[PDB]
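Everything below concerns the one structure shown next.
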Amino acid sequence: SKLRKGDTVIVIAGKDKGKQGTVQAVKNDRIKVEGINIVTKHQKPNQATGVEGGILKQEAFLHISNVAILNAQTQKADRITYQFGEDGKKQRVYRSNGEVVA
Amino acid sequence: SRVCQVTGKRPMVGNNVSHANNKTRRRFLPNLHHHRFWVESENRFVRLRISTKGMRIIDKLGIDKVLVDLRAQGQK
Amino acid sequence: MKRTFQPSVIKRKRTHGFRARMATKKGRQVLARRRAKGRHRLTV
Amino acid sequence: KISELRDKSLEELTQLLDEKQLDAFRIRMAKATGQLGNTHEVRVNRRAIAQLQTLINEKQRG
Amino acid sequence: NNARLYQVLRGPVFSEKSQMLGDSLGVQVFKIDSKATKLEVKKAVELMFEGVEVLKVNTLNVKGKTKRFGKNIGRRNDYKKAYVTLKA
RNA sequence: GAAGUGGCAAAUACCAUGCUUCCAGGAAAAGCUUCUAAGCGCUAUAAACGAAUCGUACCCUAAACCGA
RNA sequence: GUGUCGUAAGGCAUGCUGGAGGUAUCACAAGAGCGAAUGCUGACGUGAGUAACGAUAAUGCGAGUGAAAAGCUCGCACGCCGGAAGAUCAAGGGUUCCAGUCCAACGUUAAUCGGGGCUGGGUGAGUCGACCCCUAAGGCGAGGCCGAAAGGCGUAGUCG
RNA sequence: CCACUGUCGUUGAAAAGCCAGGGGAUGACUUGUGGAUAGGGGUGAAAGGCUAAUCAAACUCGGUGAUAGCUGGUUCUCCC
RNA sequence: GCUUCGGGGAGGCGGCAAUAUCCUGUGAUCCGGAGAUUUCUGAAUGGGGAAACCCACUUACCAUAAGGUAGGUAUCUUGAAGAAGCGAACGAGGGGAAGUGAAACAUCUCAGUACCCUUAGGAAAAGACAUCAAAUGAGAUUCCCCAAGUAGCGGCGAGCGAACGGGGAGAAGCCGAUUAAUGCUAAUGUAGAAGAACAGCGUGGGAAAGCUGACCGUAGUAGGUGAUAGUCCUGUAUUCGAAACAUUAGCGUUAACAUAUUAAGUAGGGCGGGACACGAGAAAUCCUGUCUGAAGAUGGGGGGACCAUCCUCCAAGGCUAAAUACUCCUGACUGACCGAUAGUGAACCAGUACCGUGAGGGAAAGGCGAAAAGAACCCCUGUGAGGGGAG
Ligand SMILES: [Mg+2]
């Protein structure tokens with residue numbers, strides 16, 4: 001919820017701990033980050049639909065608490081906070097420093 | 001039903017008691033009779049299913065008083 | 001040999017049916033009891 | 001799309017609803033004869049009909 | 001009214017009986033609304049197919065079949081179909 | 001791309017809700033035909049148009065009903 | 001499983017399995033200990049690969065298909081019913097009807113077959129039946145009668 | 001429609017049948033459909049028969065965990 | 001699922017359960033308030049009926065054909081308004097067992113219980129003395145602790161079993177302590193918002209665990225996250241939002257009903273019953289089926305037969321909050337409660353399957369993994385089942 005599809009994060013727990021990528025999907029509590037948590041899928045070929053089949057490599061959802069937003073300046077894991085501006089606009093803000101970007 | 005209109009008497013429940021004190025459920029019924037009461041104020045006979053006590057109440061209070069009390073009570 | 005259940009739709013609906021239940025106070029208590037147990041079949 | 005219908009008067013809302021009824025009939029016939037690839041359109045037409053009838057109810061009540 | 005006739009015809013019937021009825025007698029088979037009368041079917045056909053005349057409508061109710069799927073026993077909807085005879 | 005009409009036999013079906021007998025004495029109501037009451041359309045001749053709705057598959061001396 | 005310790009109930013250690021919990025000590029509280037109750041539930045034995053395979057109307061062969069054919073299809077022959085074991089219904093059932101496809105389970109064997117699975121199809125009415133008009137038995141029953149209450153009866157009627 | 005005799009069957013093909021015989025078969029006959037009578041009540045050409053495979057008082061639920069001077073069972077260990 | 005008003009801000013078109021076409025910063029999905037739509041059956045209400053069906057009558061309008069739209073048409077009560085039906089427990093009322101106990105059994109017990117029937121309200125009922133007491137008197141009703149298993153009752157058996165008074169809770173007395181609306185003011189609830197602080201190293205599939213060193217704390221024993229987290233996520237402490245609607249109070253106002261004036265078929269009595277802890281007893285007191293029947297304040301009721309004296313209180317008009325009873329439900333919280341033969345019958349598509357004509361009876365059945373990464377491809381086999389490799 002604090003992380004939405006598009007922003008660059010860093011996984012802080014799991015087998016891919018340390019690597020960074022950009023979010024592709026957030027279902028409820030899981031998150032899909034490209035290039036991270038790659039599973040090998042044995043796809044049975046299909047005749048009717050257009051899929052081919054083979055041994056694919058695709059990213060899998062991991063737990064959303066296993067990734068952290070990547071600070072663009074410090075290049076380290078960070079937390080998110082919310083800042084209501086004087087204009088009444090709610091913006092995500094880095095917990096470490098506080099800049100509005102991401 | 002077996003209810004007096006003017007007094008409200010209805011069957012009572014109780015016990016038949018034998019000499020050996022055996023108890024059986026019994027009823028006590030009102031002494032109810034059909035009677036045509038002459039009403040001068042309407043120049044007519046009105047037939048009531050009334051108890052003996054109700055007939056005495058007619059005697060003491062008047063058919064007009066009893067009739068207005070029944071009409072206030074409802075069924076007429 | 002002849003057995004106990006000889007089905008007839010009119011006879012079933014006339015002794016046990018919904019309107020037969022609703023015609024009596026005791027049949028309505030049957031229905032209230034079936035609804036309180038939550039039966040998916042109220043009446044035949 | 002609801003702002004495009006709220007401005008319209010009842011007299012033309014009724015006629016647009018009738019057009020939508022005929023539209024729904026033809027979508028159904030094309031669906032049965034397998035000539036409607038974009039299958040999302042039947043639901044949007046049904047919900048447009050619902051909107052038109054709601055607005056007609058409003059404009060007739062007051 | 002002219003908004004009830006738009007719901008009378010639910011769609012055509014495509015089968016071998018329907019195909020050969022169309023070929024031999026030029027009669028259209030429709031799945032119709034469960035509550036439509038022969039007069040309503042006649043009016044709906046004549047309104048939705050401009051230029052045709054209806055001689056005869058034959059209707060029938062067909063009960064839906066029971067198809068146990070997965071763990072459940074369920075049944076398909078009943079439906080009504082109309083055989084409509086048109087002017088040659 | 002043929003024939004398709006003569007004899008005889010013959011039902012428990014039909015005439016027949018008849019006929020004859022008996023006593024144990026043999027539904028009802030409506031449709032239908034007439035009559036009028038209060039009150040104020042009907043009969044012929046046709047011509048056109050109609051006759052809705054539900055059922056109709058299949059078993060049924062049975063492997064489909066009643067008997068687990 | 002093993003080793004070891006205690007009079008016993010039992011304790012301790014440890015190999016293997018297992019993969020996320022457990023609990024010293026001292027108190028405290030018990031759904032606190034099972035072999036029996038023709039105990040209760042589930043699982044699995046013995047009987048035993050035993051009895052039986054449901055009318056003694058009956059089958060033989062050639063082709064076909066198939067992984068496979070006594071049982072399916074086709075053919076020839078044989079046999080059985082024929083006031084039915086044929087045909088039409090009502091009642092009851094409810095898709096079992098027809099085609100294609102499948103053979104695990106179901107079918108007392110096998111099954112390519114099926115009333116089995118799956119997918120499609122199929123029921124067409126002014127005249128047939130229902131509905132409808134009418135009433136029987138018998139119901140219900142404005143008012144009415146009766147009855148502690150609940151209710152019971154009953155006229156006109158209204159159903160059937 | 002019935003059910004007199006026998007064999008069979010008795011973990012049946014069947015919780016009352018089969019087979020071979022047997023009785024009534026225009027009548028106090030059989031049978032369809034609908035209805036009526038309800039538990040100390042019904043109904044009974046009377047056997048205490050029948051009243052849904054239940055009848056010297058149906059079935060279901062409830063009083064109810066009836067009562068049972070009776071039968072069965074009653075679970076770890078050691079010491080006196 | 002349609003409209004609107006608020007919330008919210010990136011995904012979404014309910015689950016099994018995915019796929020497709022798509023929607024979404026022109027603010028979707030989602031959440032909260034309001035509205036619109038709302039088939040047929042069922043009180044079912046136009047008549048009827050084997051519930052989900054059959055058959056209508058009528059008014060207005062439209063159509064010209066065989067109809068369509070919008071209505072109306074049940075019964076009863078009260079003088080147009082109401083009612084009906086359903087649904088937990090608790091209340092009040094009309095009827096009212098038996099098993100059982102008495103080591104039999106009939107009085108008695110069980111028990112005014114079960115059950116049947118009627119009908120309310122958030123409670124109901126009762127309630128202001130024609131009550132007790134006998135003390136220096138107290139001062140309505142209800143409920144709790146005592147009194148007390150006492151005094152009594154009782155085939156004086158089995159059993160049943162008070163009161164006076166004391167200590168508490170709560171308190172209130174009236175004659176309009178009624179009901180329903182509407183309108184203000186306040187408060188609440190029904191969506192929400194922000195919300196601190198952790199790194200390194202080693203092991204490990206994975207770190208939250210180990211070692212080292214930090215930080216927050218009005219937030220440290222919450223649920224998760226690939227093993228055990230105050231600092232990763234959701235949260236927690238704390239501070240907080242309402243366009244709309246509800247609810248609670250206070251106020252004001254309306255319209256419905258009510259507003260006794262001191263009580264005769266009454267008190268008392270005979271007979272038969274019932275209730276009183278009290279079973280006829282020496283039996284007061286209460287209730288009444290039957291038959292009777294006063295005095296009316298210079299009078300009457302009670303003080304456990306009854307009489308006298310003394311005390312006390314005025315029946316035959318009505319009302320009255322709290323303290324008390326309960327849980328079909330809503331919210332928060334809890335547990336030396338269960339953990340799949342347990343705990344609901346029911347953790348699972350359960351009051352289901354199944355059984356029964358029916359009333360009714362009534363199951364079984366949870367767990368891959370952290371993530372489907374649910375095993376591409378090859379081989380045997382009948383394109384089966386099943387397996388062996390590969391992954
Ligand atoms: Mg019998």
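Because only heavy atoms are used, hydrogens play no part in the values below, and waters and symmetry mates are left out as well, while side chains stay in. Proteins come first, then strands; the chains are lettered A, B, ... in the order of their sequence lines, and each starts at number 1.
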Atom pair distance, as rounded to whole Å: [atom1] in [X] and [atom2] in [N]:
| X | N | atom1 | atom2 | value |
| --- | --- | --- | --- | --- |
| D/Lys1 | I/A28 | NZ | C1' | 16 Å |
| C/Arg28 | I/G85 | CZ | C1' | 10 Å |
| A/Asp29 | I/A370 | CG | P | 17 Å |
| A/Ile38 | I/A371 | CD1 | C1' | 13 Å |
| A/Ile64 | I/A370 | CD1 | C1' | 17 Å |
| C/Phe18 | I/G85 | CZ | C1' | 12 Å |
| A/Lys17 | I/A371 | NZ | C1' | 19 Å |
| B/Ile50 | I/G265 | CD1 | P | 14 Å |

So [X], base contact, sugar-phosphate only, or nothing? Heavy-atom distance under 4.0 Å.
| X | result |
| --- | --- |
| E/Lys81 | sugar-phosphate |
| E/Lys35 | nothing |
| D/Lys31 | nothing |
| E/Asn61 | sugar-phosphate |
| A/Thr49 | nothing |
| C/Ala32 | sugar-phosphate |
| B/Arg49 | sugar-phosphate |

Let me have RNA chain F in dot-bracket notation, would you? Count Watson-Crick plus G-U wobble pairs, both distances under 3.5 Å, and use [ ] for pairs crossing earlier ones and | for inter-strand partners.
......................(..)..........................|||.|||.........
Less than 4.0 angstrom between a side-chain N/O of [X] and OP1 or OP2 of [N], yes or no?
| X | N | value |
| --- | --- | --- |
| C/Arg14 | H/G35 | yes |
| D/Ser3 | I/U26 | no |
| A/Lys15 | I/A370 | no |
| C/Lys26 | I/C116 | no |
| C/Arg19 | I/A51 | no |
| E/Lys38 | I/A66 | no |
| B/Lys9 | I/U290 | yes |
| C/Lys25 | G/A150 | no |
| A/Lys90 | I/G25 | no |
| B/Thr52 | I/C291 | yes |
| C/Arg35 | I/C86 | no |

Does the side chain of D/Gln15 reach to within under 4.5 Å of the side chain of D/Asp18, using non-hydrogen atoms?
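No, side chains not in contact.
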Confirm from the modelled atom types if A/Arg4 and I/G25 form a donor-acceptor pair under 3.5 Å, side chain to base only.
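Such a pair is found, so the answer is yes.
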Does any N or O donor sit under 3.5 Å from an N or O acceptor when you compare the side chain of E/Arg75 with the base of G/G94?
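Check fails, no donor-acceptor contact within cut-off.
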For the residue pair B/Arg26 and B/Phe28, would you count it as a cation-pi contact if the rule is NZ or CZ under 6.0 angstrom from the ring centre and within 45 degrees of the ring axis?
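The answer is yes, since B/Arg26 meets both limits relative to B/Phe28.
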Pick the closest RNA chain F nucleotide for E/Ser34 and for C/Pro7 by heavy atoms, then say which residue is nearer the 5' end.
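By nearest-heavy-atom nucleotide position, the 5'-most residue is E/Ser34.
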On RNA chain F, does the nearest nucleotide to C/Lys2 precede the nearest nucleotide to E/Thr37 from the 5' side, or the other way round? Give the residue.
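First, find each residue's nearest nucleotide; the 5'-ward one identifies E/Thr37.
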With sugar-phosphate taken as primed atoms, P, OP1 and OP2 and all else as base, the protein-contact string of nucleotides 349-364 of chain I at under 4.0 Å (heavy atoms; B, S, -) is B-BS---BBSSBBB--
What about I/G82 and I/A83, stacked or not, using centres under 5.5 Å and planes under 30°?
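As far as the 5.5 Å and 30° test goes, I/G82 stacks onto I/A83.
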Please confirm whether neighbouring nucleotides G/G116 and G/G117 meet the stacking test: six-membered ring centres under 5.5 angstrom apart, planes under 30 degrees.
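As far as the 5.5 Å and 30° test goes, G/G116 stacks onto G/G117.
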Terminal contacting nucleotides, 5' and 3', RNA chain F versus chain E (heavy atom, 4.0 Å):
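With heavy atoms of chain E under 4.0 Å away, the range is F/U53 to F/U56.
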Nucleic acid contacts - [range] versus RNA chain G, non-hydrogen atoms under 4.0 Å:
| range | value |
| --- | --- |
| residues 10-37 of chain B | B/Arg10, B/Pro11, B/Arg27 |
| residues 14-25 of chain E | E/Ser15, E/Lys17, E/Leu21 |
| residues 34-62 of chain D | none |
| residues 67-89 of chain A | none |

Going by salt bridge (charged side-chain N to carboxylate O under 4.0 Å, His left out), name the residues that satisfy it together with B/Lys53, two or more places apart in sequence or in a different chain.
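In terms of salt bridge (charged side-chain N to carboxylate O under 4.0 Å, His left out), with neighbours along the sequence ignored, B/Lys53 is linked to no residue.
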For A/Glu34, salt bridge (charged side-chain N to carboxylate O under 4.0 Å, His left out) partners two or more places apart:
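Scan of A/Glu34 (salt bridge (charged side-chain N to carboxylate O under 4.0 Å, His left out), adjacent residues dropped) gives none.
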Only pairs at least two apart or in different chains count here, so list each side-chain hydrogen bond (donor to acceptor under 3.5 Å, both in side chains) that has a residue in residues 80-102 of chain A.
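The answer is A/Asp7-A/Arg92, A/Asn71-A/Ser96, A/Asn71-A/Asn97, A/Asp78-A/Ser96.
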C1'-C2'-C3'-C4' for [N]: north (positive) or south (negative)?
| N | value |
| --- | --- |
| G/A84 | south |
| I/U357 | north |
| G/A150 | north |
| I/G382 | south |
| I/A84 | south |

Linking I/L/V/M/F/W/Y whenever any side-chain heavy atoms sit under 4.5 Å apart, do A/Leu70 and A/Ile64 land together?
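No; tracing contacts between hydrophobic side chains, which count when under 4.5 Å, never links both residues.
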Scan nucleotides 386-391 of chain I against the protein and return all N/O pairs shorter than 3.5 Å with their distances rounded to 0.1 Å.
residue, atom, partner, partner atom, Å
I/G391, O2', A/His42, NE2, 2.6

Any carboxylate oxygen within less than 4.0 angstrom of a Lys/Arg side-chain nitrogen, looking at B/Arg56 and B/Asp59?
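No, no charged N to carboxylate O under 4.0 Å.
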Taking only the side-chain heavy atoms of A/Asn66 (C-beta and beyond), determine which of I/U266, G/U123, I/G226 contains the nearest atom.
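Nearest nucleotide to the side chain: I/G226.
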From C-beta outward on C/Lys13, which listed nucleotide comes closest to its side chain: I/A50, I/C232, I/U266?
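Selected nucleotide (nearest to the side chain): I/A50.
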Syn or anti for I/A246, given that syn means the glycosidic angle lies within 90° of 0?
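Base orientation relative to the sugar is syn.
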Would you mind writing out the side-chain donor-acceptor pairs for residues 11-26 of chain C within the sub-3.5 Å range, not counting sequence neighbours?
residue, atom, partner, partner atom, Å
C/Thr24, OG1, C/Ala20, O, 3.4

Please confirm if I/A169 pairs with I/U142, counting Watson-Crick and G-U wobble geometry and requiring both distances below 3.5 Å.
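Yes, a Watson-Crick or G-U wobble pair.
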Apply salt bridge (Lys or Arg N to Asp or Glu O under 4.0 Å) to residues B/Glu42 and B/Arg71 and explain how you reach the verdict.
CA-CA 14 Å; B/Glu42 328 196 302; B/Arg71 270 156 201 143; 3.4 Å; yes
